[PDB]
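J.: Handing you this structure, nothing more for now.
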Amino acid sequence: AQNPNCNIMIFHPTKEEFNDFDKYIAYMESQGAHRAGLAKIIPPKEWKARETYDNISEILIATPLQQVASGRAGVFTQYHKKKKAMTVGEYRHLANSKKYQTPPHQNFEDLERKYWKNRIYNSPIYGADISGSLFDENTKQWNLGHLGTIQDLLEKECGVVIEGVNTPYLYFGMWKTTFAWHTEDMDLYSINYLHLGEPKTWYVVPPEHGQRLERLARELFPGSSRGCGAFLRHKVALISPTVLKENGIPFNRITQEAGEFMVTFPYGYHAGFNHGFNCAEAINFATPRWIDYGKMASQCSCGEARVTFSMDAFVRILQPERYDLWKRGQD
Ligand SMILES: O=C(O)CNC(=O)C(=O)O
Ligand SMILES: [Mg+2]
Ligand code: NI
Ligand SMILES: [Zn+2]
């Protein structure tokens, strides 16, 4: 068995290996990368996503989100308070202000210490989930707006044609902006490219151990657990590495820098934080190996998780017994 300790693997494809996206994902899995739940891909030195980032300031963040925490430093939830619209140039200036800017630090480990000590005492503002792309149309390799669609994969594997579309999303971050513990919708893959700015630190639980994280979460968030049998689908709960270690939960960590891709694998729980002003692009995708995970994915039916149009068909075809209840949740 390849990668039996489920370590995060880092890949350096050549420009020739960067041509065929599906083939390279399958290669990474042949080396055991999926066992970690997360892999890093450093693009060949010849590649670029676009020529410059000098002209992005007029992108609008229609609904910036202030991430307000409740709980203790290592075990907290966050809710998202909607703020007034602002441009990316306006948001960058805000991120760099004395109130929000990254503090002085020695190295990534010192900054990580400061994050977990102090996150709950601040409310950073995140520009999340903005439909769009920063890849140039002429970038032919690993262009996250030109991937094979999940609808087409389901049709290729299972023969059923379904409605729905699959487009990327932009994220503009600042110091302490936080992504809560989650797997993807329908336990899909994700791919995330950090276009510019400061790093993103990730934490991940191997897919084979995901239920250990879920059992801890039910213990740590007991009210939320009674409310919903899949409350991590709400994407609001944080648990620190110290607390994970105290409870014996297997996990790994890695820091993504500008110019690097991360891939999350089916049923790989992940969480993390931004180091300072940055911009990322991410999208979900599927492979043949995903289908069995899609069929077994948990679902939120309490009404909180509310998701895209295109998840309807995935539930309807892969999970017909659950469909009626899940759709009641959506309506
Ligand atoms: O970058 C973020 O805020 C969160 N991203 C992801 O969870 C992802 O790419 O799967
Ligand atoms: Mg612009
Ligand atoms: Ni994710
Ligand atoms: Zn729910």
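Please note that chains go A, B, ... in the order of the structure tokens, that every chain numbers its residues from 1, and that ligands are numbered from 1 in the order shown.
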Can you pull out every residue with an atom within 7 Å of ligand 3? Use only C-alpha atoms and all ligand atoms and format it as a list in words.
T.: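 Residues satisfying the distance criterion: residues 182, 183, 184, 190 and 270 of chain A.
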J.: Keeping N, CA and C atoms, export the residues of the selection given above as an mmCIF file, in the first residue's frame.
T.:
```cif
data_model
loop_
_atom_site.group_PDB
_atom_site.id
_atom_site.type_symbol
_atom_site.label_atom_id
_atom_site.label_comp_id
_atom_site.auth_asym_id
_atom_site.auth_seq_id
_atom_site.Cartn_x
_atom_site.Cartn_y
_atom_site.Cartn_z
ATOM 1 N N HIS A 182 -14.391 20.823 7.226
ATOM 2 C CA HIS A 182 -15.439 20.335 6.306
ATOM 3 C C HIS A 182 -14.831 19.353 5.355
ATOM 4 N N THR A 183 -15.691 18.531 4.737
ATOM 5 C CA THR A 183 -15.425 17.921 3.443
ATOM 6 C C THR A 183 -16.206 18.655 2.362
ATOM 7 N N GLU A 184 -15.929 18.406 1.089
ATOM 8 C CA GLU A 184 -16.635 19.065 0.013
ATOM 9 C C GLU A 184 -18.065 18.550 -0.075
ATOM 10 N N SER A 190 -11.638 18.855 -4.335
ATOM 11 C CA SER A 190 -11.460 20.268 -4.663
ATOM 12 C C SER A 190 -10.061 20.530 -5.155
ATOM 13 N N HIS A 270 -10.842 19.120 5.978
ATOM 14 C CA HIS A 270 -9.816 20.140 6.029
ATOM 15 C C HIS A 270 -10.321 21.408 6.674
#
```
J.: Residues up to 9 Å from ligand 2, counting only C-alpha atoms and all ligand atoms: could you list those as a PyMOL selection string?
T.: chain A and resi 54-60+87-89
J.: Neighbours of ligand 4 at 9 Å or closer, counting only C-alpha atoms and all ligand atoms: which residues, as a ChimeraX atom specification?
T.: /A:224-225,227-234,299-306,329
J.: Please dump the current selection as a compact mmCIF listing (two decimals), in the first residue's frame; keep N, CA, C and O atoms.
T.:
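Everything below was put into out-v9.txt:
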```txt
# COMPACT_ATOMS: atom_id res chain seq x y z
N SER A 224 -24.96 21.43 18.76
CA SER A 224 -24.98 21.40 17.26
C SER A 224 -25.24 19.97 16.78
O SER A 224 -25.98 19.74 15.79
N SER A 225 -24.63 19.01 17.42
CA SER A 225 -24.79 17.61 17.08
C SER A 225 -26.24 17.13 17.23
O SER A 225 -26.75 16.44 16.37
N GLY A 227 -28.82 19.06 16.95
CA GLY A 227 -29.57 19.76 15.90
C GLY A 227 -29.52 19.14 14.53
O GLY A 227 -30.43 19.35 13.68
N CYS A 228 -28.42 18.42 14.24
CA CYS A 228 -28.17 17.93 12.89
C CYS A 228 -27.14 16.84 12.89
O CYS A 228 -26.02 17.05 13.39
N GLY A 229 -27.46 15.72 12.22
CA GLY A 229 -26.63 14.55 12.20
C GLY A 229 -25.42 14.73 11.27
O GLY A 229 -24.60 13.80 11.21
N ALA A 230 -25.36 15.84 10.55
CA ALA A 230 -24.17 16.18 9.70
C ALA A 230 -23.80 17.66 9.80
O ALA A 230 -23.61 18.37 8.85
N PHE A 231 -23.72 18.16 11.06
CA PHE A 231 -23.53 19.56 11.26
C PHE A 231 -22.19 20.18 10.78
O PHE A 231 -22.14 21.35 10.57
N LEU A 232 -21.19 19.27 10.55
CA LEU A 232 -19.98 19.86 9.91
C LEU A 232 -20.20 20.38 8.48
O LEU A 232 -19.50 21.32 8.09
N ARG A 233 -21.29 19.94 7.87
CA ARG A 233 -21.76 20.53 6.56
C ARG A 233 -22.11 21.99 6.71
O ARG A 233 -22.14 22.72 5.71
N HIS A 234 -22.37 22.49 7.94
CA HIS A 234 -22.61 23.92 8.12
C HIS A 234 -21.41 24.80 7.97
O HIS A 234 -21.50 25.99 7.83
N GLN A 299 -25.44 13.85 4.49
CA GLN A 299 -26.08 15.02 4.17
C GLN A 299 -26.75 15.77 5.37
O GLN A 299 -27.17 15.12 6.34
N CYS A 300 -26.71 17.09 5.26
CA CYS A 300 -27.48 18.00 6.15
C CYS A 300 -28.92 18.09 5.52
O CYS A 300 -29.08 18.61 4.41
N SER A 301 -29.88 17.75 6.31
CA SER A 301 -31.31 18.01 5.98
C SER A 301 -32.03 18.97 6.96
O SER A 301 -33.26 19.16 6.78
N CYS A 302 -31.29 19.59 7.96
CA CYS A 302 -31.88 20.48 8.95
C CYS A 302 -32.17 21.81 8.38
O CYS A 302 -32.81 22.59 9.07
N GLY A 303 -31.66 22.16 7.21
CA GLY A 303 -31.92 23.43 6.62
C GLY A 303 -30.77 24.38 6.67
O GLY A 303 -30.76 25.36 5.95
N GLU A 304 -29.77 24.10 7.51
CA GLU A 304 -28.70 25.08 7.64
C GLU A 304 -27.83 25.08 6.42
O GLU A 304 -27.55 26.16 5.93
N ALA A 305 -27.43 23.91 5.88
CA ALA A 305 -26.27 23.91 4.94
C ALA A 305 -26.54 24.56 3.57
O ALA A 305 -25.61 25.10 2.97
N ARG A 306 -27.79 24.61 3.14
CA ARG A 306 -28.19 25.27 1.84
C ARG A 306 -27.06 25.46 0.78
O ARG A 306 -26.09 26.25 0.96
N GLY A 329 -35.08 19.88 3.30
CA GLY A 329 -34.06 20.74 3.90
C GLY A 329 -33.76 21.96 3.05
O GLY A 329 -33.70 23.07 3.58
```
J.: Just to confirm, what's the straight-line distance from atom CA of residue 141 of chain A to atom CA of residue 165 of chain A in Å (one decimal)?
T.: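 Taking atom CA of residue 141 of chain A and atom CA of residue 165 of chain A, their separation equals 20.7 Å.
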J.: Which is closer to ligand 1 than all the others in A:170, A:186, A:95, A:297, using only C-alpha atoms and all ligand atoms?
T.: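 Selected residue with least distance to ligand 1: A:170.
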J.: Which of segment 21-264 of chain A end up as strand (DSSP E or B) when DSSP is run on this backbone - answer as number ranges by chain?
T.: A: 38-41, 60-61, 65-72, 75-82, 86-87, 125-131, 169-173, 178-182, 189-197, 200-205, 237-239, 252-256, 261-264
J.: As a PDB file with N, CA and C atoms, in the first residue's frame, please: the residues near residue 22 of chain A (cut-off 12 Å, only C-alpha atoms, same-chain neighbours under 4 positions excluded).
T.:
```pdb
ATOM      1  N   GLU A  17       4.085  16.592 -18.238  1.00  0.00           N
ATOM      2  CA  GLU A  17       3.173  15.952 -17.312  1.00  0.00           C
ATOM      3  C   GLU A  17       1.997  16.891 -16.939  1.00  0.00           C
ATOM      4  N   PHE A  18       2.130  18.159 -17.190  1.00  0.00           N
ATOM      5  CA  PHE A  18       1.086  19.160 -16.806  1.00  0.00           C
ATOM      6  C   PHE A  18       0.054  19.271 -17.875  1.00  0.00           C
ATOM      7  N   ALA A  26      -4.680  10.829 -11.482  1.00  0.00           N
ATOM      8  CA  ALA A  26      -4.565   9.385 -11.340  1.00  0.00           C
ATOM      9  C   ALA A  26      -3.136   8.942 -10.960  1.00  0.00           C
ATOM     10  N   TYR A  27      -2.149   9.583 -11.521  1.00  0.00           N
ATOM     11  CA  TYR A  27      -0.750   9.306 -11.130  1.00  0.00           C
ATOM     12  C   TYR A  27      -0.538   9.574  -9.630  1.00  0.00           C
ATOM     13  N   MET A  28      -0.978  10.741  -9.159  1.00  0.00           N
ATOM     14  CA  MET A  28      -0.759  11.083  -7.770  1.00  0.00           C
ATOM     15  C   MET A  28      -1.418  10.030  -6.871  1.00  0.00           C
ATOM     16  N   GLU A  29      -2.611   9.550  -7.211  1.00  0.00           N
ATOM     17  CA  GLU A  29      -3.279   8.522  -6.464  1.00  0.00           C
ATOM     18  C   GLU A  29      -2.496   7.155  -6.531  1.00  0.00           C
ATOM     19  N   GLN A 141      -3.180  24.688 -19.478  1.00  0.00           N
ATOM     20  CA  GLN A 141      -2.838  23.624 -18.502  1.00  0.00           C
ATOM     21  C   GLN A 141      -3.357  24.074 -17.123  1.00  0.00           C
ATOM     22  N   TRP A 142      -4.092  23.179 -16.482  1.00  0.00           N
ATOM     23  CA  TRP A 142      -4.556  23.422 -15.092  1.00  0.00           C
ATOM     24  C   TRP A 142      -5.271  24.729 -14.912  1.00  0.00           C
ATOM     25  N   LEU A 147     -11.880  22.851 -16.674  1.00  0.00           N
ATOM     26  CA  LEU A 147     -11.867  21.467 -16.321  1.00  0.00           C
ATOM     27  C   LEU A 147     -13.110  20.676 -16.868  1.00  0.00           C
ATOM     28  N   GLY A 148     -12.960  19.390 -16.986  1.00  0.00           N
ATOM     29  CA  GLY A 148     -14.117  18.510 -17.292  1.00  0.00           C
ATOM     30  C   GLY A 148     -15.137  18.679 -16.168  1.00  0.00           C
ATOM     31  N   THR A 149     -16.443  18.766 -16.452  1.00  0.00           N
ATOM     32  CA  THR A 149     -17.451  19.016 -15.477  1.00  0.00           C
ATOM     33  C   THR A 149     -17.843  17.695 -14.715  1.00  0.00           C
ATOM     34  N   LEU A 153     -18.649  13.891 -15.943  1.00  0.00           N
ATOM     35  CA  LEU A 153     -18.090  12.683 -15.309  1.00  0.00           C
ATOM     36  C   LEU A 153     -19.205  11.696 -14.895  1.00  0.00           C
ATOM     37  N   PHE A 285     -14.274  19.021  -8.363  1.00  0.00           N
ATOM     38  CA  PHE A 285     -14.190  18.139  -9.541  1.00  0.00           C
ATOM     39  C   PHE A 285     -14.374  16.721  -9.068  1.00  0.00           C
ATOM     40  N   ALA A 286     -14.570  15.836 -10.042  1.00  0.00           N
ATOM     41  CA  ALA A 286     -14.794  14.399  -9.813  1.00  0.00           C
ATOM     42  C   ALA A 286     -13.866  13.586 -10.731  1.00  0.00           C
ATOM     43  N   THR A 287     -13.660  12.351 -10.298  1.00  0.00           N
ATOM     44  CA  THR A 287     -12.997  11.300 -11.084  1.00  0.00           C
ATOM     45  C   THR A 287     -13.854  10.043 -10.910  1.00  0.00           C
ATOM     46  N   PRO A 288     -13.495   8.950 -11.683  1.00  0.00           N
ATOM     47  CA  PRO A 288     -14.227   7.713 -11.441  1.00  0.00           C
ATOM     48  C   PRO A 288     -14.231   7.213 -10.003  1.00  0.00           C
ATOM     49  N   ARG A 289     -13.095   7.391  -9.292  1.00  0.00           N
ATOM     50  CA  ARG A 289     -13.004   6.955  -7.930  1.00  0.00           C
ATOM     51  C   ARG A 289     -13.925   7.692  -6.937  1.00  0.00           C
TER      52      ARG A 289
END
```
J.: Check every protein, DNA and RNA residue against ligand 1, keep those with an atom at most 10 Å away (counting only C-alpha atoms and all ligand atoms), and present them as a VMD selection string.
T.: chain A and resid 38 126 to 129 169 to 173 177 to 185 188 to 194 200 to 202 235 261 to 265 268 to 274 278 to 284
J.: Looking at only C-alpha atoms, which of A:42, A:313, A:160, A:134 is the one that sits closest to residue 11 of chain A?
T.: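 Ranking A:42, A:313, A:160, A:134 by distance to residue 11 of chain A, first place goes to A:42.
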